[PDB]
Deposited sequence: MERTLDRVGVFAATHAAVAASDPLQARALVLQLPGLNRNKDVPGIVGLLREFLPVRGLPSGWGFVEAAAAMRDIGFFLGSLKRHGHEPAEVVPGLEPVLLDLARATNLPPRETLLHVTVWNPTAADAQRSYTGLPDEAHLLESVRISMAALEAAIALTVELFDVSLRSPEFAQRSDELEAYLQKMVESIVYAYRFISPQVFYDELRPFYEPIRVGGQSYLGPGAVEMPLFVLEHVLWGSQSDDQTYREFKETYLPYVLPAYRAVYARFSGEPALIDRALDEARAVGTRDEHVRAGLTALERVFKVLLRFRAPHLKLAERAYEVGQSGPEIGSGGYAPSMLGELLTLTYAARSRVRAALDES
């Protein structure tokens, strides 16, 4: 029934099916080498497939992203053992910059590379550690990524829909159904991911690396374009400094299309600012205004049903959390409160 997911899942599967460096059997050997902390071996394994003579001219986005994925697991691994990958692998940096050029993404692996663009089968899935907890971590993102992309499209569409129209309530109800997948992700994480194993065994693989004379953050679900959705939905005109910096920090890591969505809405009132201004002008005696606001409140409810438990999970891992999480939750409650007050 979440019919819009299909196309996004299909585009992900295209990258996941691609192995342009014929590296599948090679990357599967990485977990054992990480367990052994075998740095020379990690470099040697990478050199078995790293292009030395530039990128094949026939490659498009799909091949370049797939290549970045397979090289990428080596980047996080080398840094995990205390080494700048660019410093220990000659000729690596130019390849990373070429792949960045070909994908219009940063010159290292991102969330997309390690989750939705990473095949799912046991004989193919790339991993830093080979641990069950890592496999569960990747699955938690696959549960909701395509749904989130659909949700972004639905939010952009809703922005131009009048609150006076019955379409507003209907589109909002639809948006809520897609955002429920984020809740499913966190439920999944609670059930299957050890916060201790995350903190002690997985987290070390996601440190920043230096390429091209700047630092690039490691993969994380923090890179999910949920912040772009909410930029459009409520946050575009926020004067909260910490929040603004958070969005600008992760902007480079999302797909080009979402970076442009973000740019489009930055110089404008957010959806709810427009929605509430309309409600105050027309009045809540209009049934479609009442229904629209009610449906919009339910959208905030589902964001909070993701965000509140997520914070507890993050705090539990650190018990074995960064301040921006609690700050973002507070902003989200305030956003919902504005809708509640309008009614």
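Missing from the model, relative to the deposited sequence, are the ranges 1-3, 324-335, 359-361.
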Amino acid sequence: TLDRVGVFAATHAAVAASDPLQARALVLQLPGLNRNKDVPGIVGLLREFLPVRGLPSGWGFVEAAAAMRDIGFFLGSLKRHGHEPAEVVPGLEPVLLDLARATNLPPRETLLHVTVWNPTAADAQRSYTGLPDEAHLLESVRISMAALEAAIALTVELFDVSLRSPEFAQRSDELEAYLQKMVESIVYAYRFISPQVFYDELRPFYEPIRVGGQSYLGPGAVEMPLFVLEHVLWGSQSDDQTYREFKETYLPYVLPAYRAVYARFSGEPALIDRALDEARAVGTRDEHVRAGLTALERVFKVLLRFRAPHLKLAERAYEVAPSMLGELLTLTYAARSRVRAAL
From here on, numbers count along this sequence of modelled residues.
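Take the two forms, find the largest set of C-alpha atoms that superpose within 1.5 Å, and that set is the rigid core.
Farther on average from this form in 4 other deposited structures of this protein lies stretch 281-289, the comparison being between 58-66 and 281-289 by RMS Cα distance after core superposition. Looking at 259-267 and 189-197, the one farther from the shown form in 4 other deposited structures of this protein by average CA distance, after a rigid core fit, turns out to be 189-197.
Comparing 235-243 with 69-77, the higher mean C-alpha B-factor in the PDB entry belongs to 235-243. The deposited CA B-factor of residue 117 belongs to the lowest third of values across its chain. In this PDB entry, residue 298 carries a Cα temperature factor that places it within the lowest third of its chain's modelled residues. Annotation for residue 50: CA B-factor lies in the highest third of the chain's modelled residues.
Placement of the Cα temperature factor of residue 94 within the chain: lowest third of the modelled residues, per the deposited record. Ranked by C-alpha B-factor against the other modelled residues of its chain, residue 323 falls in the highest third.
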